[PDB]
Ligand SMILES: [Br-]
Ligand SMILES: [Br-]
Ligand SMILES: [Fe+3]
Ligand SMILES: [Fe+3]
Ligand SMILES: [Fe+3]
Ligand SMILES: [Fe+3]
């Protein structure tokens, strides 16, 4: 019918009259701020904090917890739903962490959605504009299809490394940031395939199948050490913090930043490829976003913990050293790829310049935070010895 | 108070009951589709069409109008509010046009807003990632600041060419498309300045002042004929269709596409510049979006008009010839820029090939649509004379 | 058939127009139509309800014929009567700038529209004309706009006062 | 330094003024007596990208409310019948104002020489496109979800049948774009928006809420947030031309003409909107008008522009004196001509008459009794064979159409203005209702040649006009327009045809 | 040069190949099953398209809330009882959404096929959205409602009461502690498919009837995401249907999962609907039967037969204990009203007639008790009476099931009255049903949750309340109340003066 059969209390005269009659003269408490008891990181409580902080039902025996008592149901054996035993790191309050970008679900999917739609629009303009005409065939059919494509398995592997952390994270603020770090990773992997699917549509004989790039990743030599380090960070680490720290503050900050930025983002333009940089722009925008959250957690919170400052730095310095070697190896193997490039593409003077950028940026943003003493020259040297 | 003073008919018991009692048992008409009388371009009527077509109160004496009688108030002298006399083109219905992207205001600002916020994110990521370090200094301070910067005035001029059209367009669908074509041009000009402003923030000594780019535009040689063409298209053309057609289907399609795509988008990468291409991507996306609308109006609706097809093509062929000469002059002067580049950047063969790409795309996308007999090698040779 | 959008007058004129197959004849008929049926100075108000629509149909015919008869340069710079458009524009503007009063100015502007409206004069020149002629006309008309009493204004305009109430 | 950086709108806008450059033919293409200053600035430092974002944010909230909660609440239906009809006219007529304002500001953008002033008008160009689509959406929403889609669904063509539409085009269409760009700016921005539109928009949302309509408040309140920029444009138009000798000579005349033009139509039509188009009232038009036009606009707003030579319209007093009964006098005519509309009208009910008489002493003895007579004649009943027009014929009360404003008037019956001036000029008869519009015509004959409904419909039988201009519901028989707002006993085309009413031009009686 | 692009499906087509073989490529979580690495997923999504489809929904939702709903004062024109009910419904659901994040993160780790991992991943993100959505509901009612207390701090004030413990068992721990598959059954196969999915919609129904348009706006948006989760649960069974371990362990994990979930929701949901509202939509007994028995127990579970899934063996038992469950529980909830973070109301005349009409015998038991308590002044602070005193006076011990945490009173209950008490290594344990008893006997270390009497033993009531911040802004008035009127609110002192001290009910068997 026009009015419908269901009567709603907000508009139905009879029901609304009853509701109105039962209402108090004024609110029964003047404090209309949800999460008012949360300690603000900034000047005033943000929507991000109110809607996130303390959603996790931890009891006081998990630093920061506001609840009390044991869990209601545990694992066969006695392992707690969540517990201090799932990570070496210690703190005075696991809820201290704050994403500098203050991303809760809404803002997060809003930004990514904007990128998706602009991406579709970009591809539609690029194809209509015939920009593919100025791209080097060899760079396209060999380096983008095989080597860039192979890197999707690297980003995919880093994505998967987050699964356990998605389950073990000890606070809401940390779980949300973690999830978003991993989700951005699979997004990148998917954008790499997207580009290959795009090429297949506008370049007649281009094959989008992952057959080629996968074999390169699983059997190639260029990514051999890269794949080994990934397989380890993913399936050999059972500590959600070692996983997150080692991936974002060690491996991907070194190997990843070099491959994405110093190799494809730097050289693709020279082959008339503005297509790949379009997606790498997203991967880097994402990397820099995550970085702020990674820094706030492991440095601002743990590394500078009012009670476990020295302790955590020791563990992170330990971790930094533990995975810095597998990372150095990854870079070394990757150095072989240069020899495959056409003559005159680049010289050792350039690569050395890029390597120092990656390392100096690393020490500047990560290494010096936990007082890890790293030698830029020795590192660059050990890596540079792979050409 | 908690409940407030104003009582609302939808929720106030007494008022709502009065409302409900006066309501009929069912709708007084089953046709609940606004714009049901509009002939759909596609399978079913779109929201874009329903919200747009016939908003313009034209009477029947302006092809396709549904109203009747003269305007209520005209200009001193008698000029009608809107009239057939404001354009040489004729058609059986000024309302036939449809933006293939079906853009009404909401979808339009939605997409531009997405581009704005993503642009900001990109810049913050670009700056924090220190990608500026690998950009060739000369390309940056000479070609981006001075020459890319001077191009903002070209786009700004093309934007302004749309002012009279915004006032004279003979239908809602054409006015809306026209307004959006112009707004995208001012946007591009502002993005060029935005990049210069961004560079001034992360590059010590970089001057975001427009004095240099403006001096290049107003008094330089590289853009001299380009500026003369823009000044003409904008201020010497009093026919809103001649303006939109000549701007988008002649000048910008040849000169604009060459400068944006074959010079800056093509060479910036070779100097480690991923910054300018980010903005040029927006400009090219906008160009390709407008092209669809431009083609629908001038080719699908006017050039193929069941009654005035022959007439309209004759006129557009005329306009193409009128504006092709100044456009060639613009490209020819611009050739002077290649001599400024560092040796080995590009050569005559690459330059020539890129000219043919622009000319070939133009023949295919525009000229051929009205049977204009363009001679691609004649056009290119005339332009190449400008190479120093 | 006496409709608003479709009627005998309109049909009849559509036929008269279908019989104009030469630019000079058609253009002359368009100009004659404008003298006869447009502006408050029209020779007659018999076509008041359909002249706007009919004029457009006549314009369509003149445009089509002019595009077929004129080479590209003349289509851009000559009126349908073979006159140099710029010369006509400049000459008319000169006459306008020399107009002694608003009464002379209005005759110039209105007459220019009746004689040269677009199918006749190229749009670019015509609207450039509107720009200049309209400026002076207003400048003369809007000066001391309310000084002349209605009693005397009716006389200047030359209307026949049929009835007054107050 | 590798810190996160970006650039905002203000940072780019800082250099926008320098975007324009000098060249011989860099000048406006439109006729004008004024010279807009080359260095004029704009209030809001926007660029295209940021403009789009701020409007995009508004749309989200607006369309979100409409598609979700309001649809779930059946907000499209639960509105008073009278108001559902009122919104057919309010939203579509407003739509044309929004639309012509697009062309109007395109013309002002062309007129402005300073890049900043051009940019200011540009924002309005885009805003008026948004507003066009917003008003369109309101009719679109009510057609799709309301109690009577007829009219809401085809107003763009069914509005052409009635005489009230002609007047709307004068103030909100032609008045916005035909004439000196400055004269147009005064009709649109300094008078139209600043005096009537801005206040009107809010009032409509209040009257809408009162009648159960939450759709209009949702859209119109969003439209309102954009108006600040347009007020600034109107204000800057005056500033841009203030230091030009021409200003002292012409400004106040164009302003006075624009004021009379706008008020001539809105004074009677708006009061008709609020008082006769709603069940629940909010405020008496008489006081609403005095506060809007006299105090607010004619006093404060116009007063702020005194430093630029701007004076209070000389026709302000006549406007006030004529205002009192204007809307009451006009509703008599609109109801009498109900078959020519695209909406359903209802006679004032018992309760309403009390209000009218209470708020306008003498209302009952005049309008009240007339309406009572018409209802007794069976004006609401289809079988009666009676439409108020007949009553006008029987009592020899001719209805004329002002040649300039297009506003219908019946001087032999009005309680307000009863003036009538009839002139003959070069074979044509002309009828005026006031001394300001008469001067406009005498001085600018060629600007005002609009054919009125009697002239166009002369000799035509009523039902024929209605049928030709598609004034019918989807069943192809029942009229869109009705003399009552009830769901039963709706008049059909045949009911009108049987009346055999034929239009005649009232001015032909004069010799 | 035709405009071209690539969609989600075109990329997803190659997603399964994203994963590669290598030594330790296996789940890090203990499990008895093997999910086939060739398992597919129903929705071919990638991160970016996923983000867009959710962004669009957010747009509408937040649009209605910030605009039309706020202009209509929708956060206020809601029946007082429902304002209170949503403090519990939204916050309690919030924890279910939150733990579901970790749960699907664990299932993502369990799945070996890239597509199945992708399926769970979409849910990981959805549950994060739902967490923030439920948070937003409380946030909105706190900001614009008639009583923010509780809505503004449930995350900490919920720890005071006993009902929150049971919620954590079904929506927190049950979701993440145990065999990954057991968790999946608790969350998706049972929790979401049998309760959550239907529950959410019914909630919007009861909310609408009570003037609340905020919850429908948000919850109906949440509901649009559930089809993906149903699919994940279904695909979980398909993933392990071929592993021999399935025929041996599946039906047991399912039964335990079913009992676990129904144990809490059967009494608690009926309570929230019939007692947390003024206007009723439908009798819970009717709803329950349709939901659990027909739809899920029959139609839904039936479709999993080919995969060796059978209807829980404890189904008949659940139906038997269900009839009076919610009526029996509200007596306890009200008797312990000071331990809540919401205000309660006794049934008015119309309601009592409704209860009697739909539940013959209701008045003679519950009805008379409520009138007795009210006449005695349970709503008036000056009476010095809290219904718990009535339980003490009439020797009706209230126990907490060691497994489910659900409160029960065997001597007063009209429903189940079985009680089993055991001692083991110096600790007493109270059980309310044979299923939970078995669970404890076989898995003692999984259930050591301390109950409120054990933790609060010897403490004076007002002291527990004060310590855990069960107060309003004035620092004196209780958040919880025995009535929903605006006058005569109980204060901490009104409670202190009574000197009610907690005792461990089980020690009476010593
Ligand atoms: Br009639
Ligand atoms: Br106690
Ligand atoms: Fe507007
Ligand atoms: Fe406006
Ligand atoms: Fe959920
Ligand atoms: Fe779910």
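The residue numbers of chain D are those assigned by Swiss-Prot, with the residues present covering 17-527 sequentially.
Cβ coordinates are placed from backbone N, Cα and C, and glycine is handled just like the others.
Here's what Swiss-Prot has on this protein:
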- D:151: active site (ACT_SITE)
- D:114, D:144, D:147: Fe cation 1 binding site (BINDING)
- D:209, D:243, D:246: Fe cation 2 binding site (BINDING)
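Within the set of recorded positions D:114, D:151, D:209, D:209 have a CB atom less than 6 Å from some atom of ligand 4. Using a 10 Å Cβ-Cβ cutoff, residue D:144 (Fe cation 1 binding site) registers 27 neighbours. Excluding D:209, D:243, D:246, which define the Fe cation 2 site, the same chain contributes D:140, D:205, D:210, D:213, D:214, D:242, D:244, D:245, D:247, D:249, D:250 within 8 Å (Cβ to the Cβ centroid), listed in sequence order. When Cβ atoms from all protein chains are considered, those within 10 Å of residue D:243 (Fe cation 2 binding site) total 19, not counting its own. In three-state terms derived from DSSP, residue D:243 (Fe cation 2 binding site) belongs to a helical segment. The record gives D:114, D:144, D:147 for Fe cation 1. Within 8 Å of the mean position of their Cβ atoms, the other Cβ atoms in that chain belong to D:111, D:113, D:115, D:117, D:118, D:143, D:145, D:146, D:148, D:150, D:151, D:239. Residue density at residue D:246 (Fe cation 2 binding site): 25 other Cβ atoms are found within 10 A of its Cβ, drawing on all protein chains shown. The 6 Å Cβ screen around ligand 3 retains D:114, D:144 from the binding-site residues D:114, D:144, D:243, ordered by sequence position.
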